[PDB]
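J.: Just dropping in an experimental structure and the matching sequence.
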Amino acid sequence: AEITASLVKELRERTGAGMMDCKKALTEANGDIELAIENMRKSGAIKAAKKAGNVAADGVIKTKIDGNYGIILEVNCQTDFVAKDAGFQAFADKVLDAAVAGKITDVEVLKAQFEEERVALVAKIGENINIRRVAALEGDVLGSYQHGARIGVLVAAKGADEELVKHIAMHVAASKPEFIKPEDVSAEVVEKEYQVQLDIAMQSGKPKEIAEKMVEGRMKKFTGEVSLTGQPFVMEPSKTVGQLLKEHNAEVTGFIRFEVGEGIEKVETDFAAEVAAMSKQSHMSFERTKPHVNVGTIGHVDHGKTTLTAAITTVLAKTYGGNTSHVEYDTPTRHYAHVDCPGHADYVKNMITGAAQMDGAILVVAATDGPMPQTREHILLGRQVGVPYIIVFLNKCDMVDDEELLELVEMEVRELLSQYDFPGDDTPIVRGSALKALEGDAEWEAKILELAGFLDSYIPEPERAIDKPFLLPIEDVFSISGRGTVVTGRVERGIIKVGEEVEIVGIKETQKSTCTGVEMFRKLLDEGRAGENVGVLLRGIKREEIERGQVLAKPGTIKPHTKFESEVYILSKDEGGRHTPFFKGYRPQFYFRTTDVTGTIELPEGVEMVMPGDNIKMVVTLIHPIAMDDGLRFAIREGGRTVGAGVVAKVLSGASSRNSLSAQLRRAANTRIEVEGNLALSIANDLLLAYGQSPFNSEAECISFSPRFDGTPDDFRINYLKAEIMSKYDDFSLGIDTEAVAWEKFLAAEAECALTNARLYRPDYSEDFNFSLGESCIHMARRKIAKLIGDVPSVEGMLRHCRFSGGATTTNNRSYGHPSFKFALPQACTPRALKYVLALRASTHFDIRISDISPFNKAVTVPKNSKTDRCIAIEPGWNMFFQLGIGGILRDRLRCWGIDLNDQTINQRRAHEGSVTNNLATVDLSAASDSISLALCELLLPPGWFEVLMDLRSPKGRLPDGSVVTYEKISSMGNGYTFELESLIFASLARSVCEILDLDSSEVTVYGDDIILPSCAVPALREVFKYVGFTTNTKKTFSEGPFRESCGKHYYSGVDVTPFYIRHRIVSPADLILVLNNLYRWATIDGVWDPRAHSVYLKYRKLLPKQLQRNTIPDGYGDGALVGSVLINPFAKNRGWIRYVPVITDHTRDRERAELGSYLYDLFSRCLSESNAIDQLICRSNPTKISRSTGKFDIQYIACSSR
RNA sequence: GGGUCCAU
RNA sequence: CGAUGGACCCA
Ligand SMILES: [Ca+2]
Ligand SMILES: [Ca+2]
């Protein structure tokens, strides 16, 4: 308390400089009211210039247009909140007119007449505002598009109206074209990227003209892309700008486009390890019924809401208790989640998307500077987003003398609150220091508490999610005999007690009914507790009167609505969303609870375009009702993909596209493309010839041709693709060929598993003198396994892993394969497995019923090569339902060892290392799962596993040959665990060969049969695999080639050399579009055709029906039509700002389903779920509907991006 | 429920 | 009258 207080406000509310920066500029001016101003003048630039240490990342970009002089300014600050201020507008708006009138295309000239004022702000504000770049465009007719204030473009043209340069300014604002004409490139960038990326596949072998032609035709792209001309138009992506710009009386002279903060690095702004790094430096001197209240700190980027957020974590572990970068701390009764609102629109992305909103805000200002000019933007990020209540912590008060000064700061930050209809007068304000709290000063520590216990009394208890009215997202309807109508869904809020009246409201005239009951897969509880996955039973209502989407709420709770007001964010390009902006006519589907729904929208007053990244407010009207109320999140999806999220603000009042086009493809599709000869065999022969390689002369050669393993990769890439392309072909005419070769083989497996099941139960050679590498690895192996696995299979596991999928069983068949048919029909069951089946029967009230009980499985024939079929077993159903328990847990466990069976990727990623480092090897085994004898399986597994494993397996089988066998192998492929087992047996077996050879076990990675282990192991792993039964396939195990292959990918020294096969005789136009696409993928290098093969492609393209030669698709979208450029595609009907292309699809007729089976499969699955960008939590899994494939094809219109 | 690739 | 798992594509 030094000089005066009252007439210091006068010093503040004159310049607007920090408070103490005022009482102390009077603490050096004897009390001179007008001197005070000057001393702060020439003392503010020491501020602003030791301010340059704060990066200027955010800001605004300005544009002005006079007759035909335009200028695009790009002054910027360092915060959303400044860049939208009242004051930051004044400056960078007036500086924009100093470039207009006086045309100042020079940047230094204006960063000079203003540097006086460029501190009359920073002093008042507190962010490094550096006026960045200026420059202007002289045009004869030019226009500008202004996108928020974030991205600005300037396009001067000629002969074009406003309705042109607007658009072509909007194209420039949504397609960052760094050039104006395809022929604008300097032979630097062009002989950079053309004599750099010439060796690229010139080293790949590909000879001169090829790499020459590819590279070149690639730069034809590397240019058209970045250039206004060959750049698909943005408001009509069919024609490029250069073909729109020509169709009119116009031509772009040039364009300038600035984006608020490009080039500027801006290094990440974490929080936890930011706060924790503050908290763990001043650390140096039963009850889950606790609510979770989300709070965020919001304030000025330097009043240390980072410190004040540390004081609430320290002082709160020093006393009481103890998404995406939020810091939790605990309180005697509640549980908090603290954010830091660091950017206005950077936050609305969060509350909207649903990430983490705020149940209560906390405004950190420092009493040293008072409220800030951009404080209001903070408080206006308040009103504008919902945050219920706002708490105000006044930081750094010791640094203030006179107390009447403080009661003047409040004075202000109460009167800003109440310009934003927040309760200003009745809002709480704590005065205290953050840094001192850390230090340890308890006269201050009680303030960080005085605040904490304000969060304990001003932000009220959030309404328990199980306490609000009833509501439950109906996701599937069933008509069971004796239950009538039942819906199943995860009850979202409230309780439904059996007997109560629920009202089914949503899509049609809302209906009434009454709760007959509620059941899970096991219990039958008389109520539904929100958060549970139950089915709820209804009386007196037909099942064609409900649909997915509707909810089942207590009556009056929620009403159907069609039009409303919202705020939605649009998934940026890199977040897997759209990548072309859209405009006035967006027409998507809106995913609500369990169903899409189409709907049109209207942008607000003045916005005309919208783009990836934007988060626009918009009014939406749907094609028909949903049950909706304020605070209901919804995704925005376009055929499959999620491209935007968003919530509902207020719920309003409310009450080309050709066909005999689609018609023409339907028919062409069903054409049987016809030609003489083995088509395929021609495509192959012609393809070989295209690469100076001699074709097959008989189809007899097609698969008796062995590659050469030495040659330039190109000389080999082509060659492997020769030895493999026609290797799986079925329609192979001549050839004394059969599936009975397949059995013969299958029939050896046994003889082998005898030979080895027998002498593997005889670990007594003769003596004790000598020792065997085999007998040893089993001993290591066995132990290792037991530590990974256990005594026996867990039941908290055997439970969370036993499911019912796949097609056929000894009692079902492809026709009735889908799970609900397994729950409907009485499934088989092996004798030994009977005890489990009942265990289940005792676990549920549903009729787990076992049909015929037997020890047999059916051994059959799925096709494999051109010279042999595969030998399978259709298990008895109920065995399978359990075989999947231990197949499943064997998975989860095989994870510790490093093996991930859910990802053929880690295992083919390495296949590639191998081929380059020549250290890893890849090993193939022959009849993989067929040689695992019980012997080797017994002395290797725990005896509790080895039973639960004997129990569930099929011990006998019946062949088509009429006869039987008594499996010598522990398990046939077909078996439910046979995979995760061979994985584990193989893996362990190799890991042991690792230890005995002193090699880092962890270098062994296995996938069923595909083992990859350190190359030294391969002779031992081979001598072992010998001894223990398996037979190690020389011709397809590599430990030295330039070549490895693993999990479908092959490789020749870093280069991919994975071929493709033309498995069956090609007759359908679908069947062609495949080979043709597979071809395309195998010789494209990111769009550019290797020419050699582009030859044989085009030639065969011509075999296809006219319309279909021209109907093309982006890659990664199937084979319902030739992969090509989707813009060219003519039957590409654009609709509602979302492209739609037509793809062929195998035709289907709806079929009857079993209402129990599915109802049981749905509840049972819901039980399964319970013992097992960031907004895909608005996406469930869909109902059960069945259909048999017909012989026909059908044209399906699907959604689409621009690449 | 239908695909393509893929390990058995 | 086509087993079991991946991984993605439609639905
Ligand atoms: Ca293999
Ligand atoms: Ca094999």
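T.: That came through, no problem. Numbering: from 1, shown residues only, chains lettered A, B, ... in the order given. Ligands and ions are numbered 1, 2, ... in the order given.
J.: For the closest residue to residue A:424 other than its chain neighbours, give its distance to residue A:427.
T.: Of all residues not flanking residue A:424 in the chain, residue A:418 sits nearest, at 2.9 Å (CB to CB, 6 or more residues apart in numbering). Backbone N, C-alpha and C define where each C-beta goes, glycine included. To residue A:427, residue A:418 is 8 Å away according to CB to CB, to the nearest Å.
J.: which residues touch residue A:829?
T.: Contacts for residue A:829 (CB atoms under 8 Å, 6 or more residues apart in numbering) come out as A:837, A:850, A:851, A:853, A:854, A:876, A:877, A:878, A:879.
J.: Inside strands: which ones of those?
T.: Per DSSP state E, strands hold no members of these.
J.: So which of these sit within helices?
T.: A:837, A:877, A:878, A:879 (DSSP state H).
J.: Can you tell me which of those has the most neighbours?
T.: Most neighbours among these, by other CB atoms under 10 Å: residue A:878, with 29 neighbours.
J.: how far away is that residue from residue A:798?
T.: From residue A:878 to residue A:798 the distance is 14 Å (CB to CB).
J.: Excluding residues flanking it in the chain, which one is nearest the closest residue to RNA strand C within the stretch 1-150 of chain A?
T.: Nearest to RNA strand C, among the residues of the stretch 1-150 of chain A, is residue A:147, at 29.0 Å (CB to the nearest atom of the strand). Leaving aside its chain neighbours, residue A:147 sits nearest to residue A:173 (5.2 Å; criterion: CB to CB, 6+ apart).
J.: Which phi and psi values does the one you found adopt?
T.: phi -90, psi 0 (degrees, to the nearest 10).
J.: Contacts only, for it.
T.: Going by CB under 8 Å, 6+ apart, residue A:173 touches A:145, A:147, A:151, A:152, A:153, A:257, A:609.
J.: swap the cut-off to 7 Å and go again
T.: A:145, A:147, A:151, A:153, A:257 (CB atoms under 7 Å, 6 or more residues apart in numbering).
J.: again, but for residue A:632
T.: Applying CB under 7 Å, 6+ apart, the residues near residue A:632 are A:647, A:648.
J.: what about it, is that helix, strand or coil?
T.: Following DSSP: H, G, I helix; E, B strand; the rest coil, residue A:632 is assigned to coil.
J.: And it, how far from ligand 1?
T.: Counting by CB to the ion, to the nearest Å, the separation of residue A:632 from ligand 1 is 51 Å.
J.: what separates that residue from RNA strand C, distance-wise?
T.: 24 Å (CB to the nearest atom of the strand, to the nearest Å).
J.: How about residue A:292?
T.: 31 Å.
J.: Same question for residue A:659.
T.: Distance from residue A:659 to RNA strand C, counting by CB to the nearest atom of the strand: 18 Å.
J.: number of nearby residues for that residue?
T.: Other residues close to residue A:659 by other CB under 10 Å number 8.
J.: tell me which element it falls in.
T.: Secondary structure assignment for residue A:659, by DSSP states H and E: no helix or strand.
J.: Tell me the helices and strands packed up against the strand or helix carrying residue A:781.
T.: Applying DSSP H and E as the criterion places residue A:781 in helix A:773-788. If you count contacts as 3 or more CB pairs under 7 Å, 6 or more residues apart in numbering; DSSP states H and E, helix A:773-788 packs onto helix A:978-996, helix A:1017-1027.
J.: can you state the direction angle for the first one and helix A:1017-1027?
T.: Regarding helix A:978-996 and helix A:1017-1027, their directions subtend 120 degrees when assessed with axes from the mean of the first three to the mean of the last three CA atoms, to 10 degrees.
J.: What residues sit buried inside helix A:978-996?
T.: Within helix A:978-996, the residues that qualify as buried are A:978-994, counting by 16 or more other CB atoms under 10 Å.
J.: wait, does that helix contact ligand 1?
T.: No: Helix A:978-996 lies apart from ligand 1 when judged by CB under 5 Å from the ion; the minimum separation is 10.2 Å.
J.: just the last one next, same as before
T.: No: on the criterion CB under 5 Å from the ion, helix A:1017-1027 is out of touch with ligand 1, staying 12.7 Å away.
J.: Need the CA coordinates for the helix or strand following that helix. CSV is fine.
T.: For helix A:1017-1027, the following helix or strand on the C-terminal side (DSSP H and E) is strand A:1043-1046. C-alpha atoms of strand A:1043-1046 as CSV (Å, rounded to 0.1, in the frame of the first residue of the first chain):
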residue,chain,number,x,y,z
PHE,A,1043,14.5,-63.7,-51.1
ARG,A,1044,12.1,-64.2,-48.2
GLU,A,1045,8.3,-64.5,-48.1
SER,A,1046,6.0,-64.3,-45.1
